[PDB]
Structures are given as C-alpha cells and as structure tokens.
file final.pdb (PDB, C-alpha atoms)
ATOM      1  CA  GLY A  83       0.000   0.000   0.000  1.00  0.00           C
ATOM      2  CA  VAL A  84       0.874   3.684   0.403  1.00  0.00           C
ATOM      3  CA  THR A  85       3.047   5.258   3.060  1.00  0.00           C
ATOM      4  CA  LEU A  86       1.723   8.385   4.691  1.00  0.00           C
ATOM      5  CA  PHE A  87       3.899  10.935   6.475  1.00  0.00           C
ATOM      6  CA  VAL A  88       3.383  12.970   9.644  1.00  0.00           C
ATOM      7  CA  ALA A  89       4.803  16.378  10.508  1.00  0.00           C
ATOM      8  CA  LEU A  90       7.361  16.328  13.318  1.00  0.00           C
ATOM      9  CA  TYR A  91       7.420  20.137  13.668  1.00  0.00           C
ATOM     10  CA  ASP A  92       5.321  23.135  12.675  1.00  0.00           C
ATOM     11  CA  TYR A  93       6.310  24.904   9.433  1.00  0.00           C
ATOM     12  CA  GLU A  94       5.349  28.331   8.058  1.00  0.00           C
ATOM     13  CA  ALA A  95       5.382  28.665   4.266  1.00  0.00           C
ATOM     14  CA  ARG A  96       7.593  31.406   2.847  1.00  0.00           C
ATOM     15  CA  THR A  97       6.949  30.899  -0.901  1.00  0.00           C
ATOM     16  CA  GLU A  98       3.936  30.580  -3.178  1.00  0.00           C
ATOM     17  CA  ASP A  99       4.345  26.850  -3.669  1.00  0.00           C
ATOM     18  CA  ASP A 100       5.154  25.577  -0.154  1.00  0.00           C
ATOM     19  CA  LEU A 101       2.558  24.499   2.425  1.00  0.00           C
ATOM     20  CA  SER A 102       2.190  25.762   5.971  1.00  0.00           C
ATOM     21  CA  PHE A 103       1.472  22.920   8.366  1.00  0.00           C
ATOM     22  CA  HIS A 104       1.243  21.992  12.027  1.00  0.00           C
ATOM     23  CA  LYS A 105       3.011  19.268  13.958  1.00  0.00           C
ATOM     24  CA  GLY A 106       0.914  16.111  13.659  1.00  0.00           C
ATOM     25  CA  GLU A 107      -0.515  16.919  10.231  1.00  0.00           C
ATOM     26  CA  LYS A 108      -0.553  13.972   7.830  1.00  0.00           C
ATOM     27  CA  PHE A 109       0.322  13.910   4.152  1.00  0.00           C
ATOM     28  CA  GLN A 110       0.179  11.716   1.093  1.00  0.00           C
ATOM     29  CA  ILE A 111       3.362  12.320  -0.916  1.00  0.00           C
ATOM     30  CA  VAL A 112       2.746  13.132  -4.573  1.00  0.00           C
ATOM     31  CA  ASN A 113       6.377  13.306  -5.677  1.00  0.00           C
ATOM     32  CA  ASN A 114       9.679  12.824  -3.891  1.00  0.00           C
ATOM     33  CA  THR A 115      12.013  12.254  -6.861  1.00  0.00           C
ATOM     34  CA  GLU A 116      12.879  15.944  -7.151  1.00  0.00           C
ATOM     35  CA  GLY A 117      15.100  16.635  -4.135  1.00  0.00           C
ATOM     36  CA  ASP A 118      14.550  17.079  -0.417  1.00  0.00           C
ATOM     37  CA  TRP A 119      11.481  19.287  -0.909  1.00  0.00           C
ATOM     38  CA  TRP A 120       8.606  16.947  -1.660  1.00  0.00           C
ATOM     39  CA  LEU A 121       5.307  17.672  -3.349  1.00  0.00           C
ATOM     40  CA  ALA A 122       2.723  16.602  -0.783  1.00  0.00           C
ATOM     41  CA  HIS A 123      -1.046  16.544  -0.311  1.00  0.00           C
ATOM     42  CA  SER A 124      -2.365  17.499   3.115  1.00  0.00           C
ATOM     43  CA  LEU A 125      -4.983  15.231   4.650  1.00  0.00           C
ATOM     44  CA  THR A 126      -6.155  18.204   6.746  1.00  0.00           C
ATOM     45  CA  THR A 127      -6.582  20.960   4.160  1.00  0.00           C
ATOM     46  CA  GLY A 128      -6.641  19.069   0.867  1.00  0.00           C
ATOM     47  CA  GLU A 129      -3.976  21.417  -0.496  1.00  0.00           C
ATOM     48  CA  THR A 130      -0.970  20.270  -2.517  1.00  0.00           C
ATOM     49  CA  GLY A 131       2.425  21.928  -2.285  1.00  0.00           C
ATOM     50  CA  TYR A 132       6.027  21.497  -1.269  1.00  0.00           C
ATOM     51  CA  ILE A 133       7.107  20.472   2.209  1.00  0.00           C
ATOM     52  CA  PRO A 134      10.636  20.048   3.601  1.00  0.00           C
ATOM     53  CA  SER A 135      11.134  16.276   3.836  1.00  0.00           C
ATOM     54  CA  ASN A 136      13.139  16.484   7.054  1.00  0.00           C
ATOM     55  CA  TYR A 137      10.022  17.892   8.768  1.00  0.00           C
ATOM     56  CA  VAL A 138       8.090  14.615   8.320  1.00  0.00           C
ATOM     57  CA  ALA A 139       8.464  10.947   9.222  1.00  0.00           C
ATOM     58  CA  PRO A 140       6.741   7.876   7.762  1.00  0.00           C
ATOM     59  CA  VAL A 141       3.633   6.830   9.662  1.00  0.00           C
ATOM     60  CA  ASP A 142       4.220   3.372  11.126  1.00  0.00           C
TER      61      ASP A 142
END

call {"tool": "encode", "arguments": {"input": "final.pdb", "output": "structure tokens"}}
result
Amino acid sequence: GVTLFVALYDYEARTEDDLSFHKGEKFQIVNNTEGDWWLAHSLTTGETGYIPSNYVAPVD
C-alpha cells in the first residue's frame, strides 16, 4: 500500500508553492524524486504543495 507521512514540527510557508502545516498533520506524498522538498497533499486541508522532507516521518 501507500506510506503516509506525519509532521514532526510546525512549518510556516515562505513561498507561493510551499505548504504551511502543524506538527501532527498527515500527508500523502505526490512526488519525492525531485530533491529534499517533496510535493505533498495534506490530509487536513486538501492542499498540494512542497514540504521540507526532514520535517516529516513515515507513519508506522
């Protein structure tokens, strides 16, 4: 199946294409073949945008 990710820390977006998120928010990753910033889809807001991959961990 799929592997979801959870935010380890809060993050405030500083560009048009990044997401702001809170610790504990969950994501489905859309693309992670593009560097350490991953295109992700928030399960809270339904938005898609970049997140810093070191701010999340795989959900067990």

call {"tool": "closest_residue", "arguments": {"input": "final.pdb", "among": "A:96, A:89, A:126, A:135", "to": "residue 114 (chain A)", "atoms": "only C-alpha atoms"}}
result
A:135

call {"tool": "closest_residue", "arguments": {"input": "final.pdb", "among": "A:88, A:95, A:101, A:111", "to": "residue 129 (chain A)", "atoms": "only C-alpha atoms"}}
result
A:101

call {"tool": "closest_residue", "arguments": {"input": "final.pdb", "among": "A:84, A:128, A:134, A:103", "to": "residue 116 (chain A)", "atoms": "only C-alpha atoms"}}
result
A:134

call {"tool": "closest_residue", "arguments": {"input": "final.pdb", "among": "A:136, A:124, A:110, A:115", "to": "residue 83 (chain A)", "atoms": "all atoms listed in the file"}}
result
A:110

call {"tool": "closest_residue", "arguments": {"input": "final.pdb", "among": "A:131, A:109, A:123, A:118", "to": "residue 97 (chain A)", "atoms": "all atoms listed in the file"}}
result
A:131

call {"tool": "resolve_selection", "arguments": {"input": "final.pdb", "expression": "the PyMOL selection byres ((chain A and resi 92) around 9)", "output": "ChimeraX atom specification"}}
result
/A:89-91,93-94,102-107,137

call {"tool": "residues_around", "arguments": {"input": "final.pdb", "residues": "residue 87 (chain A)", "least_positions_apart": "3", "cutoff": "6 Å", "atoms": "all atoms listed in the file", "output": "list in words"}}
result
residues 108, 109, 138, 139, 140 and 141 of chain A

call {"tool": "residues_around", "arguments": {"input": "final.pdb", "residues": "residue 133 (chain A)", "least_positions_apart": "2", "cutoff": "6 Å", "atoms": "all atoms listed in the file", "output": "PyMOL selection string"}}
result
chain A and resi 100+119-120

call {"tool": "axis_aligned_box", "arguments": {"input": "final.pdb", "around": "region 97-111 of chain A", "padding_each_side": "3 Å", "output": "JSON"}}
result
{"center_x": 3.2, "center_y": 21.3, "center_z": 5.1, "size_x": 13.5, "size_y": 25.2, "size_z": 23.6}

call {"tool": "closest_residue", "arguments": {"input": "final.pdb", "among": "A:142, A:117, A:125, A:130", "to": "residue 85 (chain A)", "atoms": "all atoms listed in the file"}}
result
A:142
